[PDB]
Structures are given as structure tokens and as C-alpha cells.
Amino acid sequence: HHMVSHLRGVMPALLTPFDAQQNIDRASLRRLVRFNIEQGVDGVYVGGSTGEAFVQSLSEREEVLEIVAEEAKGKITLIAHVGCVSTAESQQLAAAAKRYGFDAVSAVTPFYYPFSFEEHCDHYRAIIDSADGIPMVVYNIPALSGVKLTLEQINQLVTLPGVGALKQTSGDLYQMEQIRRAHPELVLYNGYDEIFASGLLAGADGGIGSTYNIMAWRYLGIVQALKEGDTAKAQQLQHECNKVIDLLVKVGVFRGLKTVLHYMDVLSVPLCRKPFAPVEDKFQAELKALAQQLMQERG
């Protein structure tokens, strides 16, 4: 667990930009990668939930993976979310991530169909084998996956050979603390941005988040406030992140983030794929004012 310490940190869950016809916008994808590097992030998490993975084909996900590796390999840590319901499809994306030079792969607990815990473990084992020597990030998101793992099951997942981290998109900070106590060296990512400060305090040593794409310096600022023992500053930063998250929940989270990035002249086209609707017109002024606030807050 200590030989993959380079995986710790704050890493945006990269959005996948699409063009006006909902195809991959490669030029905007490259700009978004460069924008995140310039924000000072530790890494990027590609083709996750926030990446709209589950409305893309395998070929599209591979194209995105390869472009991001071109832009970012050697500059920041690269984690490829390869997870699919199908084990064989996940293996194909893991083998591709290996060829592109990613530092780690990740896979969401396979969803829709009920699978036994043993089926989950063999799924991770098969993907780890196809990753062919780069570590696995187990990705736990019970609210969307419907997979309700016990603590003892999480303990077994994160000790499988080849697993180097846990992305913990759970609001249960008792379990966060229990995972940390059971695995003092484990790379443990907070997945709910709206509790980032509290999740670090409960044992996470970094985070993977959708909203880091537009204000990663606030989350980096919370990491530093807590190291410096400035708890009032950590709370103030989290209050500001959550004011933004309240707005994003009102307008649509992924499309709201893409719209801000469009007003920051990063993404040419801010659409999500159907069935996500476009942003309602009445919310544009607020999203544009947020973009301008965030740009001014950097200098």
C-alpha cells in the first residue's frame, strides 16, 4: 500500500466534452486537461461517472483515455476509470489504459444486475490482470450503483492483490474512519465534494470530484487549511464550495459544470448527452456570474 503513495491527492473527475451533435469534442477535451493541470491538481480521473462513461461506447472511452494520456502523461497522475457492467468490456478498457501509459485503473462496482460479493471480487481480479501491473482503484458509489457493501467486504476488496486505492463516494464517515483505521496506508479518496473537509478529517487523504474541474484551488485550499490547523478557513472554503454545489444541484450538476467551463472559454460546447437535458435559459445569468467570480478569485 505504501509503494503506490504517488496516487494520493486531489484529482478532478474529468468531464467528457461533446460537440453540438453530441460527439467527442477533442479540442475542448485537450483544453480541459490543460486547464486542470494549470489549476495545480495532483491527477485526473478519466471516464468516470462525471465523464458520462455510461452513455459512451468503448471506442469513445478509449479515444478519450488516449487523448488525456497524450496531454498529461508525466505531468500529473493519470487514473483511467475502465468500469463497465461487463467484465470483458472493463478488461478491454484496462488493457487500453495500460497501452496508453496510465498510472492506475479504476472500476465502479458493476451495477444494474445483483451480483454476489464473490462475483464482484472476481470482476476486479479479471480487470487487474488485464491492467497488467498498474494498480486498481476500487470505486464505491452505493447511491448510484445500488451495491451496498459491508465494511468487511470493503476490507476484502482493498486487500485484493493489485488494489492500491479506494474511491469512497459515500457520506458515511463512520465507515470512512473504520477503513482508515483498518488500512493506515490505503489511498482513500473522498467522493462527495460537499463533505470534502469532513471526509478528510474522517480519514480520506485526498479526493476525486466533479466540481474540482471549476474550482480545484478551493479543495487544495481545504487540504492546506487542515494541515495548518486553520479549521475556520477550512469551514469557510467548504461553505463556498457548497454554495456552488447548491447551484449545480438546481441547474444540473454535469451540465452546470460544463456551462461554467464554457463561460471560462475552456469548453466550446457545454452539452451533456441525452437523456440529460440542456441547461434552462433562466439559469444562464447565474452560471455566467459564477464563471466570472471564479476567474476573478484566481487573479
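Whichever C-alpha set is largest while still superposing within 1.5 Å between the two forms counts as the rigid core. Heads up: residue numbers just count along the shown sequence, starting at 1.
Can you check whether 137 to 145 or 84 to 92 lies farther from the displayed model in 5 other deposited structures of this protein, averaging C-alpha distances as RMS after superposing on the core? Clearly, after the core fit, the stretch farther away in 5 other deposited structures of this protein is 137 to 145.
Could you check the entry and say whether 191 to 199 or 148 to 156 has the higher mean CA B-factor? Result: 148 to 156.
Selected stretch [higher average CA B-factor]: 202 to 210 or 69 to 77: Stretch with the greater average CA B-factor: 69 to 77.
From the list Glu119, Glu177, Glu89, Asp103, select the residue with the highest C-alpha B factor recorded in the entry. Reading the PDB entry, the winner on C-alpha B-factor is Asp103.
Relative C-alpha B-factor of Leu32, binned into the chain's lowest, middle or highest third: CA B-factor rank for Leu32: middle third.
Please place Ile245 in the lowest, middle or highest third of its chain according to the CA B-factor in the PDB entry. It falls in the bottom third of the chain.
Which third of the chain does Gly40 land in by C-alpha B-factor: lowest, middle or highest? Highest third.
Taking the values exactly as deposited, rank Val85 by C-alpha B-factor within its chain and report the matching third: lowest, middle or highest. As the PDB entry reports it, the C-alpha B-factor of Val85 lands in the lowest third of its chain.
Within this chain's modelled residues, let me know which third the CA B factor of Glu52 belongs to: lowest, middle or highest. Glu52: CA B-factor falls in the lowest third of its chain.
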